[PDB]
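Derivation of every value follows stated rules applied to the coordinates shown; laboratory data play no part. Using ideal geometry, Cβ is built from the backbone for each residue, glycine included, and neighbour counts are taken over all protein chains shown.
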Amino acid sequence: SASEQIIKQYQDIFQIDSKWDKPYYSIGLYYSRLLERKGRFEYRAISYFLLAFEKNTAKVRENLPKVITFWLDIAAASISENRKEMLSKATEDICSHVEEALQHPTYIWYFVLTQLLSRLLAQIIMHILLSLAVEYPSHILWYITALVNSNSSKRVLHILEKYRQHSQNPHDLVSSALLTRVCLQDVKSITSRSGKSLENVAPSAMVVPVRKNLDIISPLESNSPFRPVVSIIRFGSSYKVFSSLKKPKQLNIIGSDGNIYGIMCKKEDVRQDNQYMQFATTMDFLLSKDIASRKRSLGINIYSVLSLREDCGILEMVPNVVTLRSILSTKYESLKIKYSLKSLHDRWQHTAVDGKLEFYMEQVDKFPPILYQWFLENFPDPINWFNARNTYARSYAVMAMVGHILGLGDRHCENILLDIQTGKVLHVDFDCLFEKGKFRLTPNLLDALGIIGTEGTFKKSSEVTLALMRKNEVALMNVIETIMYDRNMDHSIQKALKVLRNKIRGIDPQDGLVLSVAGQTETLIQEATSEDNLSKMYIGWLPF
């Protein structure tokens, strides 16, 4: 009921300029929530939030969607053109954008502008768009090459904008000269590296090296000087070796620059980087914030990805890791009794409905769990052994929980990660929602932890995750969900709008009420653990 005297308050004490500086968010921050609850007055939305970041330069989430809130709105107006007025303002409201970039610094885009291309992958509103992008590129010399490493891959092999992206390389040598082209040789070499990946010593067909910038996922650190966006890293020389290209289009290379690193740029889905960047945003968000998160050093781990072709793309790499049937089968196949291969699908194809589904598996269970030994007999003395088991589960739920949070893929063998000499976790591919058939725990895993199965760490860890989740509320809900706006698949789900923010507050699964935040683990852990569902899930997942 203050809706008129809401605003009138703001205008009052702005006399003090920043002072607390907190207000300059709250102008539009509320005014975003104003229309959100339900656009002439919308021209004050970004016009408010612009001057704030100039002053504060903190909380990268406020300007994360403030782009889409701003730019999106303007584009909408243009398209519509009520509509007339909208468009008129959009050419008047968004006028405060570039005019601020002069006043307002050059690094503000790198984190946000990562999704500037990554949303669509247009001409109506793109006018003022790239004028800031590549300009800052020139200004950010260190990242110019990184952005070049980012940008030059699209034109190195998407056509109409590709030339427009090549025209960005055209405007570049015009703007950047107001080196790169020498580094641009890597772009054609990239596609050639992708061509050698497509099709060591002569087959390699790549010499010289001595390139510009590969930092293996530059951080772009904030708060905590701020000039460190690219930090100190660089790279030079590389030699041969091989990937084996073990799956289909994949490519995995060593990098000989400094120490020994391996950066595997593997041809796969281009937008796979979303959760690769998304979880990379929260992992850095969760990490520092508050105490209960920070005290246990949560956040799991991530690694870079970039776009090259509609196939080639890019990915970083994780050293010293073994997974799936190599490790797992090894232990008990020492006793043999290992190999069901494609009999289990067969044998389970021989039954359906409710008849055997818990049973052939409870025979497959007769391969007893050895997993606990793998941590144990591997690196002895407990001070390692102990500290690992902690870091194991401490790094298992904090992520696997986020799985049903986004509802993404059933983890099986190949897509699950466990590092050696220590323990961690990582998660990839795109198995968004649904399922066809019938977070994956089994006979070994649960018991393979401290004889208590799931009690000590699983409970109090996963909860701290679910603490900050609902707490920051729309914050992480605002940004990374553009990943949903990118790919629409398997018919169309715009229902994912609401079930999006409701599973944050956890109301939907049992239709009655929000469940106690401790229970929201309980009901969701007691579910996905199950007994019947777990025993009768698609067999292709090596269930027990």
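Quick check, is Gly409 among the small types (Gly, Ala, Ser) and under 20 Å from the mean Cα position of the chain (by Cα)?
Numbers: among the small types (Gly, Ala, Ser): yes; under 20 Å from the mean Cα position of the chain (by Cα): yes.
Yes; evaluated as a whole, the condition is true for this residue.
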Original post:
Based on what the data block shows, is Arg411 outside any helix (DSSP H, G or I) and in contact with a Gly (Cβ under 9 Å, 6 or more places away or on another chain)?
Top reply: yes
Original post:
Can you name the condition, by its number, that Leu524 falls short on among (1) surrounded by 15 or more Cβ atoms within 10 Å (Cβ to Cβ); (2) of a type outside the set (S, T, N, Q); (3) assigned to a helix (DSSP H, G or I); (4) out of contact with any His (no Cβ under 7 Å at 6 or more places or on another chain)?
Top reply: (4)
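Yes or no, residue by residue, for (1) aromatic (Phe, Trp, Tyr); (2) out of contact with any helix residue (DSSP H, G or I) (no Cβ under 9 Å at 6 or more places or on another chain):
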| position | (1), (2) |
| --- | --- |
| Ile7 | no, no |
| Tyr10 | yes, no |
| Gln15 | no, yes |
| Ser47 | no, no |
| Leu51 | no, no |
| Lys59 | no, no |
| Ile74 | no, no |
| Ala77 | no, no |
**OP:** Scan region 127-172 for residues that are assigned to a helix (DSSP H, G or I), under 17 Å from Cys183 (Cβ atoms), touching a helix residue (DSSP H, G or I) at 6+ places or on another chain (Cβ under 7 Å) and aliphatic (A, V, I, L, M) and jot them down.
**Re:** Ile144, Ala146, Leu147, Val148
Original post:
Going through region 495-511 one residue at a time, which ones are surrounded by 13 or more Cβ atoms within 10 Å (Cβ to Cβ), of a type in the set (A, V, I, L, M, F, W, C) and not in a loop (DSSP other than H, G, I, E, B)?
Top reply: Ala496, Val499, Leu500, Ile504
**OP:** Being β-branched (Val, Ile, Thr) and part of a loop (DSSP other than H, G, I, E, B) is the filter; apply it to region 243-284 and report the residue that is nearest to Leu220 (Cα to Cα).
**Re:** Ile263
**OP:** Might you check whether a residue that is closer than 22 Å to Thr114 by Cβ, touching a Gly at 6+ places or on another chain (Cβ under 9 Å) and among the aliphatic types (A, V, I, L, M) occurs anywhere in region 242-262?
**Re:** no
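Per-residue answers, yes or no, for (1) under 28 Å from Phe226 (Cα atoms); (2) exposed (fewer than 11 other Cβ atoms within 10 Å of the Cβ); (3) in contact with a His (Cβ under 7 Å, 6 or more places away or on another chain):
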| residue | (1), (2), (3) |
| --- | --- |
| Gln5 | no, yes, no |
| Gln9 | no, no, no |
| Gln15 | no, yes, no |
| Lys19 | yes, no, no |
| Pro23 | yes, no, no |
| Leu34 | no, no, no |
| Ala58 | yes, no, no |
**OP:** Would you tally the residues in region 178-216 being under 22 Å from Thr114 (Cα atoms) and surrounded by 16 or more Cβ atoms within 10 Å (Cβ to Cβ)?
**Re:** 11
**OP:** Only one of these is outside any helix (DSSP H, G or I), touching a helix residue (DSSP H, G or I) at 6+ places or on another chain (Cβ under 8 Å) and surrounded by 15 or more Cβ atoms within 10 Å (Cβ to Cβ): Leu417, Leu476, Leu466, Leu449. Name it.
**Re:** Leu449
**OP:** Keeping to region 156-177, report how many residues are surrounded by fewer than 18 Cβ atoms within 10 Å (Cβ to Cβ) and closer than 26 Å to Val208 by Cβ.
**Re:** 5
Subject >> Hits in region 274-293 - residues which are surrounded by 14 or more Cβ atoms within 10 Å (Cβ to Cβ) and in contact with a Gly (Cβ under 7 Å, 6 or more places away or on another chain) >> reply: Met283, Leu286
Original post:
Name the pairs: first residue in region 310-331 and on the phi > 0 side of the Ramachandran plot, second residue among the hydrophobic types (A, V, I, L, M, F, W, C), Cβ to Cβ under 9 Å, at least 6 apart or on different chains?
Top reply: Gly313/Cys265; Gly313/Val270; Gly313/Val305; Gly313/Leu306; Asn320/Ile420; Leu324/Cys413; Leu324/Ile416; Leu324/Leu542
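Here is a list: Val425, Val398. Which entry is under 22 Å from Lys503 (Cα atoms), aliphatic (A, V, I, L, M) and either out of contact with any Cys (no Cβ under 9 Å at 6 or more places or on another chain) or in a loop (DSSP other than H, G, I, E, B) (or both)?
Details: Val425 fails: under 22 Å from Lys503 (Cα atoms).
The conditions single out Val398.
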Original post:
Just to be sure, is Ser131 touching a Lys or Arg at 6+ places or on another chain (Cβ under 8 Å), surrounded by fewer than 19 Cβ atoms within 10 Å (Cβ to Cβ), over 22 Å from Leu35 (Cα atoms) and polar (S, T, N, Q)?
Top reply: no
Original post:
Can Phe41 be described as under 23 Å from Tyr110 (Cβ atoms) and not aliphatic (A, V, I, L, M)?
Top reply: no
Original post:
Here is a list of conditions, (1) within 30 Å of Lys495 (Cα to Cα); (2) surrounded by fewer than 18 Cβ atoms within 10 Å (Cβ to Cβ), and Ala397 meets all of them except one; can you say which number that is?
Top reply: (2)
